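Asker:
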Amino acid sequence: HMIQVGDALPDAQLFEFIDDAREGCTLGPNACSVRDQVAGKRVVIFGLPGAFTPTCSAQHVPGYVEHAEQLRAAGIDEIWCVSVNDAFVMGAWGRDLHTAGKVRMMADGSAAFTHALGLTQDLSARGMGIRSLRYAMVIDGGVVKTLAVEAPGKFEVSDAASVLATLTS
Amino acid sequence: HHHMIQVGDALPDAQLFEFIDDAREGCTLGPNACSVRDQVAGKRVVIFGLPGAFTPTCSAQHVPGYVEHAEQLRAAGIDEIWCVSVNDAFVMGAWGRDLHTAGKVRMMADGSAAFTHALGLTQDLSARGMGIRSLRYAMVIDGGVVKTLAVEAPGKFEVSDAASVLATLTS
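Chains B and A, in that order, are what the protein sequence lines are.
Here the entry's author numbering is used: the first residue of the first sequence is 0, the next is one more, and so on.
Here the entry's author numbering is used: the first residue of the second sequence is -2, the next is one more, and so on.
#1: Please classify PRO48(B) as buried or exposed, where buried requires at least 16 other C-beta atoms within 10 Å of its C-beta.
#2: Taking only three categories from DSSP, how would you classify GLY74(B)?
#3: Between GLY108(B) and chain A, is any beta-carbon pair separated by less than 8 Å?
#4: Going by the beta-carbon positions, is the gap between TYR63(B) and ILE78(B) smaller than 8 Å?
#5: Here's the rule: buried if 16 or more other CB atoms are within 10 angstroms of the residue's CB, otherwise exposed. What is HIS66(B)?
#6: Inspect the CB distances between the stretch 85 to 96 of chain B and the stretch 43 to 60 of chain A and report whether three or more fall short of 8 Å.
#7: Hey, would you say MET136(A) sits closer than 8 Å to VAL142(A), going by beta carbons?
#8: With DSSP run on the structure shown, which of helix, strand or coil describes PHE51(B)?
#9: Going by beta-carbon coordinates alone, are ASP10(B) and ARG34(B) separated by less than 8 Å?
#10: From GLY46(B) to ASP95(A), what distance separates their C-alpha atoms?
#11: Give the interface partners of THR52(A) over in chain B, defined as CB-CB distance under 7 Å, in chain order.
#12: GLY93(B) versus chain A: which residues are under 7 Å apart at the beta carbon?
#13: Name, in chain order, the residues that DSSP records as bridge partners for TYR63(A).
#14: Using a Cβ cut-off of 7 Å, pull out every chain B residue sitting near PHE14(A), in sequence order please.
#15: Could you pull out every residue in the same chain whose Cβ sits closer than 6 Å to the Cβ of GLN3(A), ignoring the five residues on either side in sequence?
#16: Does the beta carbon of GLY74(A) come closer than 8 Å to any beta carbon on chain B?
#17: Starting from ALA160(A), trace the beta strand (DSSP E) in both directions and tell me its first and last residue.
#18: Going by the DSSP bridge assignment, what does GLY46(A) pair with across the sheet?
#19: Select from the stretch 123 to 151 of chain B all residues with a C-beta closer than 8 Å to any C-beta belonging to chain A, and list them in chain order.
#20: Of all the residues that make up the stretch 21 to 42 of chain A, which are near chain B by a beta-carbon distance shorter than 9 Å?
#21: Would you mind stating whether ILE129(B) and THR119(B) have Cβ atoms separated by less than 8 Å?
#22: With 16 as the cutoff for other CB atoms within 10 Å, does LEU116(B) come out buried or exposed?
#23: Any idea which residues DSSP pairs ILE129(B) with across the strands?
#24: Quick check on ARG21(A): buried or exposed, where buried means 16 or more other Cβ atoms within 10 Å of its Cβ?
#25: What residue range is occupied by the uninterrupted alpha helix (DSSP H) comprising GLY93(A)?
#26: Spatial neighbours of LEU163(B) within its chain, please: CB distance less than 7 Å, with the 5 preceding and 5 following residues excluded, ordered by chain position.
#27: Is any beta-carbon of chain B found at less than 8 Å from that of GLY117(A)?
#28: Near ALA30(B), which residues of its chain fall below 6 Å by C-beta distance, leaving aside the five closest residues on each side in sequence?
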């Protein structure tokens, strides 16, 4: 059953690869709580099917890196890219796409979060197994405020431009 | 789900993908699907499986030992060396380029875990955010059959390294 507007965001454990010395952090993969991490923040989360894949890498992530300044000026606190990939892979992908300080690369490699959101899809035919649908959501007070989920294979609503255009008062 | 493969067993078929970046006949650019049994037919093949692309022991030790030993393994009559992992081909492609595997170790994506499941060689690495992945192992295949099998206890790396495999090739 799919997550909806008005719903509380389900908790799950995600991992983020940390490349630099930071406090309360170790080097490499650091576990975190989705609910703990969105408490008291306004957060855009965009999920996508996989690190290192063409549309994800060429278009979807770069649009958010390029829009980060405008999203933050408009009051977004953090921007997360969530994928069903582990943190080592998300970390390498983040270093390739120069995401540091703009988009948190959030690994859901066990698909726990994507499952709790009801947003998985079966990409076995492509050698990818179970992965996320492509989407963007805006979270405030730990509640889903907007939700844009793409039909399989499409990229019409979850890109950073559409999101910036649909932030609301 | 499946019982663990054993010495003497026929290798099960599965669909794997290898990322191919040069142009070559019969292939396209990027991920190419291929049949396990079709690709081992008439060859002598070392397959080592491991838990994940870009992870530390896999990256620093396990794959480089095979790149390093690839000339000796081929002199001993091995036709191909495959690295199998439960990762998709885009990730395996990028990893292989980072590790200079071209022409030495084929980076064989089992991103749906179909092959690893068919081998009975999966483990649950959820606690570290990796979900279902492969055990670490190495096997030598000849005539479509498992001739030797070395499966690691979880978190161990004492029998699937290239040195051990070279040492245990047989006449």
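All C-beta atoms in this analysis are idealised placements derived from N, C-alpha and C, irrespective of residue type, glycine included.
Answerer: By the coordinates alone:
#1: buried
#2: coil
#3: yes
#4: yes
#5: buried
#6: yes
#7: no
#8: coil
#9: yes
#10: 26 Å
#11: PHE87
#12: None at all; the shortest Cβ gap to chain A is about 12 Å.
#13: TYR63(A) pairs with nothing; no bridge assigned.
#14: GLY126
#15: none
#16: no
#17: Element bounds for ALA160(A): not the beta strand (DSSP E) but the alpha helix (DSSP H), 159 to 164.
#18: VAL81(A) and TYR134(A)
#19: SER123, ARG125, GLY126, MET127 and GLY128
#20: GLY27, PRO28 and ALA30
#21: yes
#22: buried
#23: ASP121(B)
#24: exposed
#25: 86 to 95
#26: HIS66, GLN69, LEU70 and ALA73
#27: no
#28: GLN12 and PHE14
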